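Sharing a structure with you now.
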Amino acid sequence: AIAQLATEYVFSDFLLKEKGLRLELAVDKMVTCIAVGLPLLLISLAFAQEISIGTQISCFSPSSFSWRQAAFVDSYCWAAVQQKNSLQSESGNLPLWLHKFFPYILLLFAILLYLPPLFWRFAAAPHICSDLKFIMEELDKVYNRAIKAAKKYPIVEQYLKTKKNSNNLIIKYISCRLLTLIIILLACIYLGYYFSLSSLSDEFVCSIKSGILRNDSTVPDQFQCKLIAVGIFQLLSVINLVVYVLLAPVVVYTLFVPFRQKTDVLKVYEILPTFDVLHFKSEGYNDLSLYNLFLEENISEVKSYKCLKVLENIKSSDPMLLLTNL
Amino acid sequence: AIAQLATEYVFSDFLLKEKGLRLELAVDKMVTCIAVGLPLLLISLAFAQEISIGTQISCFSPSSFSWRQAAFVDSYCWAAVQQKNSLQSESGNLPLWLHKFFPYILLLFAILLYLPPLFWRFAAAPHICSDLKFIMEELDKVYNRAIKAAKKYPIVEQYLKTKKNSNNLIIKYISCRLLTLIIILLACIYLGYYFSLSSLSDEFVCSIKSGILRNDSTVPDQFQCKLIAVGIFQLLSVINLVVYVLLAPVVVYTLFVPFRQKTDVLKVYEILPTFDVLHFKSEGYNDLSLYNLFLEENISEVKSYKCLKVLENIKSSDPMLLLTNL
Amino acid sequence: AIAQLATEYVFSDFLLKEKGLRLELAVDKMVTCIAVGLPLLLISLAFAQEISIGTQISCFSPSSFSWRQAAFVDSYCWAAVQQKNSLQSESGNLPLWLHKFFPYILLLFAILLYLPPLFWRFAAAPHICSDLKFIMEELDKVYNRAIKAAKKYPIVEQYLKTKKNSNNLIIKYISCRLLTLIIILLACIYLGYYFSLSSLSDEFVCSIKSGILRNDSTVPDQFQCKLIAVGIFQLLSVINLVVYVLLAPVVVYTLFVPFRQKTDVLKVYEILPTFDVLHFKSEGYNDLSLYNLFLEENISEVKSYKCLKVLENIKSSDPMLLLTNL
Amino acid sequence: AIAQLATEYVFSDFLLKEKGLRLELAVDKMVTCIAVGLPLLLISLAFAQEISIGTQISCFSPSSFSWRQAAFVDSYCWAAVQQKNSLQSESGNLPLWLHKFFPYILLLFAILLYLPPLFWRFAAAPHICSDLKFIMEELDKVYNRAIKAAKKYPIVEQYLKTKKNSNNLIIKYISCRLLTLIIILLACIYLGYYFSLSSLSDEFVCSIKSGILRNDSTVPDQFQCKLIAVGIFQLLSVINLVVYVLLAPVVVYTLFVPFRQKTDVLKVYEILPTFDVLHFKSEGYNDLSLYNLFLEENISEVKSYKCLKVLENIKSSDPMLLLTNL
Amino acid sequence: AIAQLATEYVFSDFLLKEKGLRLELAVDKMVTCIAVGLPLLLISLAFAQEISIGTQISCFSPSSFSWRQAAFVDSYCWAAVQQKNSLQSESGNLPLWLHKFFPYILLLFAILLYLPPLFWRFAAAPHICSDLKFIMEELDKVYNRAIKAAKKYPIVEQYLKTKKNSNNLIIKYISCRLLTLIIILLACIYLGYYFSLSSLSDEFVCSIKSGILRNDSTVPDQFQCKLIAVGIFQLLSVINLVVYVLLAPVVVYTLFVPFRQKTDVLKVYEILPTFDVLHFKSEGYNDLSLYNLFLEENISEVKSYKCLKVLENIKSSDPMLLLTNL
Ligand SMILES: O[C@@H](c1cc(C(F)(F)F)nc2c(C(F)(F)F)cccc12)[C@H]1CCCCN1
Ligand SMILES: O[C@@H](c1cc(C(F)(F)F)nc2c(C(F)(F)F)cccc12)[C@H]1CCCCN1
Ligand SMILES: O[C@@H](c1cc(C(F)(F)F)nc2c(C(F)(F)F)cccc12)[C@H]1CCCCN1
Ligand SMILES: O[C@@H](c1cc(C(F)(F)F)nc2c(C(F)(F)F)cccc12)[C@H]1CCCCN1
Ligand SMILES: O[C@@H](c1cc(C(F)(F)F)nc2c(C(F)(F)F)cccc12)[C@H]1CCCCN1
């Protein structure tokens, strides 16, 4: 059912569950889930039980034709939207090709939108995963040492600086998001072209006259056929186009990594006396700018950051309290 | 539904899940999943609920024929694409054979593409599994001994050298990938031949005249039949051919084992004082070249390598810090 | 769907999962899975949704006959391939019997191929299971004692010798594999005979004239019927015959137990000083020859064998290292 | 599908899984699973998707009759195999009754074959369960005491003797197996009678003339009907009869409890010095003869029996080794 | 399928699983499962895929009537077995009412048979549950104290006596079993009356003449209708009646609580020296008579009772052995 479909896609997890670590920050998962599942959701809505009257093409055989003769006419003209010579139409052969393969094309866009998140989930996900969990563990060790002192060389600061120098991972990230934006724009171009079709493009005339039926006495020369659900495809197309047009500015915002403005989440550790590491922050296209965003995603999960952020918040309203907080 | 099919194949795990150890390195799993599942995905897309109008062959019986007489004509000509004498066609009997058994042939290619990964998952997978987990355990023991020293005979170096001498496992690996490449090229040849068919090959004429109906007064001599979804098969064929043509250079890259260039992942252990083992690396077709790749897959999972790689990265930006890192 | 069927049989576990111990060595599981599941897979492929046009037999009733009268003709002639007198055919009654009961016969061969692995999984599996896990535990105890010595009577050697004397279990194993080979050859004989049928054997004429219709004025004397999917059965038959013809040499290789040549897997324990047991190996048809093969299957899982095999491999490139390896 | 059915019954567990203890010894589970599931398997094979052409009875209404009039004729004669007066047939009313209720009768035999294993699984299963696990625990305690001595009153011997005196449980067991054998013989009698039917018993003539249609001008006096799949029922009947005829000697062998000849499995404990209990064995119809068989099923699972049997086997090739074995 | 139905009801658990404690003793679960599930099993067998020819009522419209006109006739007469005036029949309106609502009536009997076990599983199950597990725990404590003594006031004896005085729980139990017996007898009365119907009760004549069709020129006055599967209902009715007639003596045996004769299961604890409690047993309708039966169900699960019963059994073939048994 359509409601079972809605629970399957919109209200279920879908590509959201896949625990301690989150290697796909906010917006990414949101953008990927909407962009991938909305062609799937709208295809499945296109052919729901309630909305599909029946056979997609009907062709108006004469009354003299039998049941299976009309079945031949319908099935032949369904197959004969493909070849050029068999049919004539005012719009042309290309919009009928789009009408037949609308769900194929939208599923192709869904898979194409799934490709850059997948290439992220293999090529760059283990590196960000291992590096971020190591940084979380090291920061927990630093706070444990500070708490022990309250009751030599900071590895985290220099390991943060050497990734400030590197920019391979951000190049992978911006390549993923740029491919996603390009595919969204191409899907917008297709959906705008498809919805802008006259809606008489589904109307066409086909002749069942190839082969021996070219020189048969009693067959109609041509058969009026309509591709049913083309209007449903156009309605779902404008819906998909509207949602993708809303989604594309979010992706363009996602491209600008340094503008995202993490609100001094790493600066909270600078307040502690022992933790002299991680004072600075990125101001450009580097790996560290992306590490700051994945940190700002995953740092609330850290044991110590929440306590030290509470210590910072009460200041926002002497470090004796920190010893007391433990 | 087509969307349920897409979630079943593209977005689900498929042949990806099957934890601590990964005995199928990157690209392999990617190439195997795409090459195996894309014939499955495109077959299931070929006969989706929306795209299938109904019966695959219709044959245009006369109006005088009843419903089940036309059913006989359709079913007989479906069966009679097989035998040579029963039908005549401009293209021939072979393309009609391909049209009837297109999903059989693509599933045969999917299983044939699944064979070399399966022969890897039995013949060579236990050996690489046991050897790699032993190497991981030994390297963890070496780092534990080094950390204990900081706070005689390295088995790993000589056990690495004796596999430098051996080349049975790489012969198995290159045999698997060569069989995969050969099957991909054969599938490309078939899909190029199938898509290059004129698309009037589906059109054919069959006579329901074998047996007693040879000398019956009132039956048509021949019946115009079209194999519906042959154009859908050709569209999915060019899609499969395009994806496999993209996939084949990746397999050819996968053949060249020593060119893969692990970026001194084993050299990180040379920096430690106690770990004097594993200084060198392969420069040819040996088992060690494949062990380096499986190592570079699985070494990020190792406890010690990540810490010692952080120690190497800060140098990239005295070993006192290592004692401090613990 | 056919792709769901393929994931159910070829790509899923099937008779592969059913952990620490493997009481069905390599090839056995491979041969059993292919031989059992390929009739199942090809039957399910025979009647897939895409390939089945509809009713399996159609019979060309006259136009005067109604819908349910033609349904009677089809259903009667389906039932009347059984009895001899009701029909006449050029090939005979036996090939039509095979055409009706092709999936029954191939499923019978699948179950018959499943019988010897099942009789192995009950009659001989507990004995090999208990004996092999006891041998693994005893060898682990021997290596633990050797490691303790490095830092009286070997039970394993004499318990190995007394099974060298016995040959009941190998008789059970060779009986299982001989029954499997005989059933494979019988299936090859059937599939070769079935594929060699002319493919006009499906064509036959039946008379709906038994009982009161013997002396009815207006019924045709005989009705041209074709058994649809017989050509599909013949194509799947030659596929099954080709795969079984490939499989039979593997079973014949599996019969020769002593020729299998375990590569001194038990000899690795002879290198240790304390482990003076298990020096020799079989050179004939005994239980010990089969125990060597199940050992060579399961010995990589053993804790100590991998370490001592690494010690042997570095030698292949004084036992001081063993004390160091621990 | 038929292959899904085969995986559901033959290749799945079925009545095999239902861990440490096995209260249904070998052959019993085998005989119960085959005898119960083979009527189920052959019924489900009788009405598979491929083998069922459609409606089971067709009756050849005149061409003047409409679609639903022929539907009435088919449905009425299906119902009117029951009453005697409505139909006439050469064979009689009883074989048509068997043809209509063949799957009911075979399922009745399946449930009747399931009754004695069920009455075993309630009436006698807890007693054999508790007694056998107590005997296993006591024998483990005896070997633990013997191992402690190596490094007064044996309860097991007298508790074994008092069950030598009793014979209630063996009476229950032989009653179960005798009921199973009697039901197998009755099923063999039915299947032999059913297969021996002429196969024109399915042919019969029925009159739709009860009630107001007795005195209606235009209806045929009688309608030629065939019960389709009766030949399929006869083929499956001879298959079931052959398998049950093979199964019945196994049940007759299962009746003779003392002849089963446990190979001195309890005598292995006599070799130990401390374990002076359980020297003798049954030579008649007693509870102890059945306890020996359930012991010989479950004693390989025991920790100590395997070690002491290894000690016995090396002798088969001074008890110093036992102290060493531990 | 019918075989899937059989695995769902007969061979699966059904109302058998619902672990340490069993608050529904033997026979109860057996009687409840058979009595509840056999109407369910026979209803599901009544409308299996193989046995149902199609529409349950067919009515023999004239040939002039169209397809949907005959559909109206069938559907109207199905609805018009309800009202008295619309139809006339030799048997009457009541047996046609039973024929239409046979599965409703048998499901009503199944639910009515499920009511007394359900009222047991709420009203009396917690009390017997808590009391029996407390008695098991107290007896285990008594044996632990006796074993400690071997190496003041018995609460169990007086707590057993005060429930000897009470009879509320046995009144609930006998009310449950009496309601079950009464419902079984009522179902037997119904099934005997239903099977004793002439089997021409399914034959009836209905007039589609209410409303505007009372004064329409061309409709038949009355239509011969048969309710198909009424004979199947009668066969399943005699099967259900036979099984319930067998079941009713078991329920009548279950009513006599004190006659059930627990074989001195509580007397085994009297043999121990410390356990001076629970010497006597019931000889009438009391709560203690039911507690003895639930004890004899659940006492084999007790740790100590099995050991002390082994001590009693060897006597059946000085208490020094008990100290030795521990
Ligand atoms: O909730 C899921 C969802 C799916 C889809 C669609 F269609 F992609 F599957 N569409 C949605 C729409 C929309 F407006 F687009 F319809 C609005 C809101 C949520 C939608 C998503 C969103 C991100 C987090 C959870 N998975
Ligand atoms: O995601 C799965 C996938 C399957 C398939 C197909 F069809 F093989 F099943 N096709 C895919 C395409 C394609 F472009 F080919 F359509 C593009 C991207 C992913 C595809 C794969 C890939 C590897 C890791 C996870 N399993
Ligand atoms: O992978 C499974 C498989 C099944 C089948 C079939 F058909 F038996 F089910 N056929 C297969 C073919 C074949 F060429 F025969 F088609 C080729 C490769 C694998 C096949 C098997 C094999 C052994 C280990 C895992 N189970
Ligand atoms: O494997 C299962 C099986 C079921 C059936 C049937 F039909 F009873 F379900 N038939 C079988 C046949 C037969 F020859 F009879 F077909 C041969 C071999 C195994 C069969 C059984 C057997 C006992 C252990 C596992 N459950
Ligand atoms: O096994 C289950 C079963 C159900 C049914 C029915 F029909 F109630 F569901 N009928 C049965 C018949 C009968 F003869 F009655 F058919 C005979 C034997 C067992 C039957 C029951 C029995 C009690 C323990 C397990 N649940």
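The first residue you see is number 1, and the count goes up from there.
Each Cβ is built from the backbone N, Cα and C atoms, and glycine gets one as well.
The S-nitrosocysteine feature in Swiss-Prot is assigned to A:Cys33, A:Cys307; the stated evidence is similarity to another entry. Per Swiss-Prot, the feature transmembrane segment maps to A:34-54, A:100-120, A:178-198, A:227-247; the stated evidence is sequence analysis. The topological domain 'Extracellular' feature in Swiss-Prot is assigned to A:55-99, A:199-226; the stated evidence is sequence analysis. Here Swiss-Prot flags A:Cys59-A:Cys225, A:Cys77-A:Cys206 as disulfide bond, drawing on experimental evidence. The phosphotyrosine annotation in Swiss-Prot covers A:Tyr159. As annotated by Swiss-Prot, N-linked glycosylation site applies to A:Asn215, with the evidence given as experimental evidence.
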Quick check for the class: what is the C-alpha distance, in angstrom and rounded, between A:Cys307 (S-nitrosocysteine) and A:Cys206 (disulfide bond)?
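So the Cα of A:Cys206 (disulfide bond) lies 74 Å away from that of A:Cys307 (S-nitrosocysteine).
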Using a 10 Å cut-off between Cα atoms, which of these recorded positions sit near A:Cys225 (disulfide bond): A:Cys33, A:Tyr159, A:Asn215?
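Hits: none.
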Same chain only, sequence gap of 6 or more: which residues have a CB within under 8 Å of the CB of A:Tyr159 (phosphotyrosine)?
A:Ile135, A:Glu138
Against which stretches of its own chain does the transmembrane segment (A:178-198) lie, if we need a Cβ under 8 Å and a gap of at least six residues from its ends?
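For the transmembrane segment (A:178-198), the list is 31-32, 35, 91, 95, 98, 102, 105, 109, 112-113, 115-117, 233-234, 237-238, 240-241, 244-245, 247-248, 251-252, 255.
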Go ahead and report the DSSP secondary structure tallies for the topological domain 'Extracellular' (A:55-99): helix first, then strand, then coil.
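Counts, helix then strand then coil: 20 helix, 4 strand, 21 coil.
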Determine the minimum-neighbour residue: among A:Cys33, A:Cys59, A:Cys77, A:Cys225, listed as recorded positions, which Cβ has the fewest other Cβ atoms within 10 angstroms?
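Checked A:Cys33, A:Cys59, A:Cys77, A:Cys225; of these recorded positions, fewest Cβ neighbours within 10 Å: A:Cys33.
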Which of the recorded positions listed here (A:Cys33, A:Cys59, A:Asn215) have a Cα atom within 10 Å of the Cα of A:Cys206 (disulfide bond)?
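So the list is A:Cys59.
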Check the Cα-Cα distances from the residue listed as 'N-linked glycosylation site' to the recorded positions A:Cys33, A:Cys59, A:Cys77 and tell me which is shortest.
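Closest by Cα: A:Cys77.
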Looking only at the topological domain 'Extracellular' (A:199-226), what are its DSSP counts of helix, strand and coil residues?
5 helix, 8 strand, 15 coil
Using Cα coordinates, what distance in whole Å links A:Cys77 (disulfide bond) and A:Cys59 (disulfide bond)?
8
Give residue numbers and ranges for long-range contacts of the topological domain 'Extracellular' (A:55-99): same chain, 6 or more residues beyond its ends, CB-CB under 8 A.
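Same-chain contacts beyond the flanks: 105, 194, 197-198, 200-208, 210, 218, 220, 222-230, 233.
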Using the structure shown, find which entry in A:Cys206, A:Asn215, A:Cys307 (the recorded positions) has the sparsest Cβ neighbourhood within 10 Å.
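Per-residue Cβ counts within 10 Å for the recorded positions A:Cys206, A:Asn215, A:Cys307 bottom out at A:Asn215.
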Sequence-remote contacts (6 or more beyond its ends) of the topological domain 'Extracellular' (A:199-226), Cβ cut-off under 8 Å?
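For the topological domain 'Extracellular' (A:199-226), the nonlocal Cβ contacts are 57-62, 64, 72-74, 76-77, 80-81, 86-92, 95-96, 99, 234.
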Rounded to a whole number, how many Å is the Cα of A:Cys59 (disulfide bond) away from the Cα of A:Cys33 (S-nitrosocysteine)?
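Rounded to a whole number, the Cα-Cα distance is 39 Å.
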Go through the recorded positions A:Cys33, A:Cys59, A:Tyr159, A:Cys206, A:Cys225, A:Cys307 one by one and keep only those whose Cβ is less than 8 Å from a Cβ of chain D; report them in sequence order, or 'none'.
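The recorded positions close to chain D: there are none.
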